Amino acid sequence: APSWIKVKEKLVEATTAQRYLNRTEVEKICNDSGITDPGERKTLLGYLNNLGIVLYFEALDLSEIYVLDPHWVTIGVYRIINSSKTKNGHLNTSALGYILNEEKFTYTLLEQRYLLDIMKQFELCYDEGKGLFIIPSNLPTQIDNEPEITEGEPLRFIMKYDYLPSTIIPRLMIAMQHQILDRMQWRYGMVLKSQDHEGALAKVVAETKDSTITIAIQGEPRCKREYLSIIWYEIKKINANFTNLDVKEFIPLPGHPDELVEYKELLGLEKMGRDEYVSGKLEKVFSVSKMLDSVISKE
Amino acid sequence: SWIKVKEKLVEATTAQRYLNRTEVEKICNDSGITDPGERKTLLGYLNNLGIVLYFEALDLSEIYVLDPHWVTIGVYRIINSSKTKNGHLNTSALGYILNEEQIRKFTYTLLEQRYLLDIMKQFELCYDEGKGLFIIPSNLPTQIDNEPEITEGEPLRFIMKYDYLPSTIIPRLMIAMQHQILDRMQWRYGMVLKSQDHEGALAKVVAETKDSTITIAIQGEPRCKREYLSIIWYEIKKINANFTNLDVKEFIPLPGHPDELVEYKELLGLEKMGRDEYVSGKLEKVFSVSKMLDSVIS
């Protein structure tokens, strides 16, 4: 691929000379080297984006910042997530200039906006409201006001990962920003309150050592079921982005908080017309329907 | 092969309202298409052609491939409900709107309702204001009573002239800048923005259909108005980049002559030429290229 090889060199050189390039500079660079048909242009650039060589965001697509130097965005992003001002997981964007230029690369006002946009795109942060961004992976491991949410025989539902990406909790906070109660959010979890199921209050917690995300829910019985339904829907969407996750869902056996049963086991047992779940390990028998009903109505 | 798959998928998504991942894969295998790669692109194209719907950004096994019709009636009901005639949607009311309301026999379960909302967000037709209240910008009133004027100090005005002005631009800016919309000062053709960083700084962004125009007017100390304009313009350029044959030209008013515009790309040209004067023949007056540029950028 004689044309592709050249453009690579030319674009890498041009990206490290300037900080980034615009459509015109780029189009000319590949038309100089031969490549004209816009499909080819697009397939080459996306390709180099993947190979980490040169950065290209089809989601933003700004002419003046079309193709970026990777080193420039990494130092920028690094400086943001490593600032002393973001250590507790909060970012007052007023401080972006101080963070990026104070604490030899320069970042103008627009170049700051652009970095934030890349960060949003990679789901590393979100806007909470009053010019205050939250960076979930910088949130403290504990909070002083963390509620128990253990009080009223709550509904527990356990998600077991073969391997658990450290970005599931961040991504879930982004998904449900408007339902996080009183900044009740930490590195490993949230407190979520719903409006539409007047009542329903949920706590979602990740356990690194066990590769589990655990959902616990309080409120009226119909509410608890409906809110788990939505939280789990949100987590299913997040999980879908990872190629090789193996996630099994679990319910605690009644009276045995440490003994779990696979949720798809019980559906299976039902589909085949069994009402008994038999536990050899416990030498106890459990009702299939009663346990299914605690989580989901008759479908 | 592809014909059979298309027909099989249409027949099924019609009968059932939508299909799950394994149901879809079976249909592909049965019809010869076994390769995971090929299968994904086939579904991409069916989606692009509106034959059968498929959302790679949601990508949910339970609700994988959908009947266009089932989705369409769903969102149409939401957009045309009496309870959303003013651009506000209560999410609690979703049940009623989708299932009970008489809008001039499709059921929608709680999760199906939620999925419809995601499709809508996905297509940039609404957003979460954040207390169970969504905003459907296209449904907002055409006029708001408390609509303020930007008149403090010497306001900075910047106009963007479109060859065609898509009606989606305002709704999309509202999405992009939801957190800076002041006191629900949002209508079908515009919004009011307070900046979080540039103390003071109040902007008003308006679409005028008749002259297919988008006007930004800003007030505050000079560095401020300049800095917010930068942000707002950037946000509009992003939205614009989504359209193929869009011809936007940017204009600035001449000081003391709100009706006389000069293209911003002109002033750039004159500067590269090394001319500091902009001569207005029609006004018989001469302005500074640098100084007018500086009131807008850098």
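The values are calculated or read from the model by the stated rules, or taken from the named source; no laboratory instrument gave them. Cβ atoms come from the backbone with ideal geometry, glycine included; neighbour counts cover every protein chain shown.
Please note which strands (runs of 3 or more DSSP E) are completely contained in region A:207-299 and include at least 3 residues that are among the polar types (S, T, N, Q) and touching a strand residue (DSSP E or B) at 6+ places or on another chain (Cβ under 9 Å).
A:212-218
Have a look at B:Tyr96, B:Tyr64, B:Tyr115, B:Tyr108 and point out the one that is over 30 Å from B:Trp2 (Cα atoms), buried (at least 20 other Cβ atoms within 10 Å of the Cβ) and of a type outside the set (A, V, I, L, M).
Result: B:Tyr108 is the single residue among B:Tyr96, B:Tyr64, B:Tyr115, B:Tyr108 that is over 30 Å from B:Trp2 (Cα atoms), buried (at least 20 other Cβ atoms within 10 Å of the Cβ) and of a type outside the set (A, V, I, L, M).
Does B:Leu293 qualify as being more than 30 Å from B:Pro171 (Cβ to Cβ), within 14 Å of chain A (Cβ to nearest Cβ) and touching a helix residue (DSSP H, G or I) at 6+ places or on another chain (Cβ under 8 Å)?
Judged against the criteria, B:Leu293 is not a match.
Which condition number does A:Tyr277 fail, the rest of (1) farther than 23 Å from A:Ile168 by Cβ; (2) in the same structural domain as A:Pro154 (by CATH); (3) aromatic (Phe, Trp, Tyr) being met?
Unmet for A:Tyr277, out of (1) farther than 23 Å from A:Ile168 by Cβ; (2) in the same structural domain as A:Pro154 (by CATH); (3) aromatic (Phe, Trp, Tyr): (2).
Can you say whether B:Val192 is touching a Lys or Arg at 6+ places or on another chain (Cβ under 9 Å) and either farther than 30 Å from A:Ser94 by Cβ or among the β-branched types (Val, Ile, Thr) (or both), as far as the supplied structure shows?
Spelling it out, B:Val192 is indeed touching a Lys or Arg at 6+ places or on another chain (Cβ under 9 Å) and either farther than 30 Å from A:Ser94 by Cβ or among the β-branched types (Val, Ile, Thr) (or both).
What is the number of the single condition among (1) more than 14 Å from every other protein chain (Cβ to nearest Cβ); (2) assigned to a helix (DSSP H, G or I); (3) closer than 23 Å to B:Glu112 by Cα; (4) not aliphatic (A, V, I, L, M) that A:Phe157 does not meet?
With respect to (1) more than 14 Å from every other protein chain (Cβ to nearest Cβ); (2) assigned to a helix (DSSP H, G or I); (3) closer than 23 Å to B:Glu112 by Cα; (4) not aliphatic (A, V, I, L, M), A:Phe157 is out only on (2).
Being out of contact with any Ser or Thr (no Cβ under 9 Å at 6 or more places or on another chain), more than 10 Å from chain B (Cβ to nearest Cβ) and more than 13 Å from A:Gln177 (Cβ to Cβ) is the filter here, so list the residues in region A:110-121 that pass it.
A:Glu111, A:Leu115, A:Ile118, A:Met119, A:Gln121
For region B:127-136, state whether one or more residues are more than 21 Å from A:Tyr233 (Cα to Cα) and either among the aliphatic types (A, V, I, L, M) or in contact with a strand residue (DSSP E or B) (Cβ under 9 Å, 6 or more places away or on another chain) (or both).
yes
I'm told B:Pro258 meets every condition in (1) farther than 26 Å from B:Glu149 by Cα; (2) away from chain A (no Cβ under 14 Å); (3) surrounded by fewer than 14 Cβ atoms within 10 Å (Cβ to Cβ) except one. Can you identify the failing condition by its number?
(1)
May I ask you to list the residues in region A:44-77 that are part of a helix (DSSP H, G or I) and within 14 Å of chain B (Cβ to nearest Cβ)?
Scanning region A:44-77 gives A:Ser63, A:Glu64, A:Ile65.
When the residues of region A:67-77 are filtered to those that are touching a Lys or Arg at 6+ places or on another chain (Cβ under 8 Å) and of a type outside the set (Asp, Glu), which remaining residue is surrounded by the fewest Cβ atoms within 10 Å (Cβ to Cβ)?
Restricting to residues being touching a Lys or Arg at 6+ places or on another chain (Cβ under 8 Å) and of a type outside the set (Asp, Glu), the top hit is A:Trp72.
Assess whether A:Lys237 counts as being touching a helix residue (DSSP H, G or I) at 6+ places or on another chain (Cβ under 9 Å), among the basic types (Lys, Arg), surrounded by fewer than 20 Cβ atoms within 10 Å (Cβ to Cβ) and in the same structural domain as A:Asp182 (by CATH).
yes
Quick one: A:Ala200 ticks every box in (1) away from chain B (no Cβ under 14 Å); (2) closer than 18 Å to B:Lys131 by Cβ bar one, so which box is it?
(1)
Restricted to region B:209-234, and to residues that are facing another protein chain (nearest Cβ under 10 Å) and of a type in the set (D, E, K, R), which residue is surrounded by the fewest Cβ atoms within 10 Å (Cβ to Cβ)?
Per the stated criteria, the residue is B:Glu227.
Of all residues in region B:78-92 being buried (at least 16 other Cβ atoms within 10 Å of the Cβ) and of a type in the set (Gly, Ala, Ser), which is nearest to the other protein chains (Cβ to nearest Cβ)?
Top of the filtered list is B:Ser81.
Looking only at region B:237-248, filter to residues that are of a type in the set (A, V, I, L, M) and more than 11 Å from chain A (Cβ to nearest Cβ); which one of those is farthest from B:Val206 (Cα to Cα)?
Looking at the filtered set, the residue picked out is B:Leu246.
Select from region A:118-130 the residues that are among the hydrophobic types (A, V, I, L, M, F, W, C), surrounded by 18 or more Cβ atoms within 10 Å (Cβ to Cβ) and outside any helix (DSSP H, G or I) and list them in ascending order.
A:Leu124, A:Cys125
Given the residues B:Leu182, B:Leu193, which is the only one that is within 14 Å of chain A (Cβ to nearest Cβ), part of a strand (DSSP E or B), buried (at least 17 other Cβ atoms within 10 Å of the Cβ) and not small (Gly, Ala, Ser)?
It is B:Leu193.
Could you figure out which of (1) of a type in the set (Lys, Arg); (2) in contact with a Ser or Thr (Cβ under 8 Å, 6 or more places away or on another chain); (3) more than 27 Å from A:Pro170 (Cα to Cα) isn't true of A:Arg222?
Exception for A:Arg222: condition (2).
Return a yes/no flag: does region B:240-252 have any residue that is among the hydrophobic types (A, V, I, L, M, F, W, C), within 22 Å of B:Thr142 (Cα to Cα) and within 21 Å of the chain's Cα centre (by Cα).
no
So is A:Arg171 more than 14 Å from chain B (Cβ to nearest Cβ) and surrounded by 18 or more Cβ atoms within 10 Å (Cβ to Cβ) or not?
no
Just one of (1) under 30 Å from B:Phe243 (Cβ atoms); (2) within 14 Å of another protein chain (Cβ to nearest Cβ); (3) not basic (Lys, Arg) trips up A:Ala95, so point out which.
With respect to (1) under 30 Å from B:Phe243 (Cβ atoms); (2) within 14 Å of another protein chain (Cβ to nearest Cβ); (3) not basic (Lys, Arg), A:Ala95 is out only on (1).
Within region A:131-143, can you find the residues that are closer than 17 Å to A:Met184 by Cα, surrounded by fewer than 20 Cβ atoms within 10 Å (Cβ to Cβ) and within 14 Å of chain B (Cβ to nearest Cβ)?
A:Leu132
Out of region B:258-290, which residues are among the hydroxyl-bearing types (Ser, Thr, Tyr) and in contact with a helix residue (DSSP H, G or I) (Cβ under 6 Å, 6 or more places away or on another chain)?
The one that is among the hydroxyl-bearing types (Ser, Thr, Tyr) and in contact with a helix residue (DSSP H, G or I) (Cβ under 6 Å, 6 or more places away or on another chain): B:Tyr278.
Look through A:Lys85, A:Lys120 and report the one residue that is outside the structural domain of A:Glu13 (by CATH), in contact with a helix residue (DSSP H, G or I) (Cβ under 8 Å, 6 or more places away or on another chain) and of a type in the set (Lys, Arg).
A:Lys85
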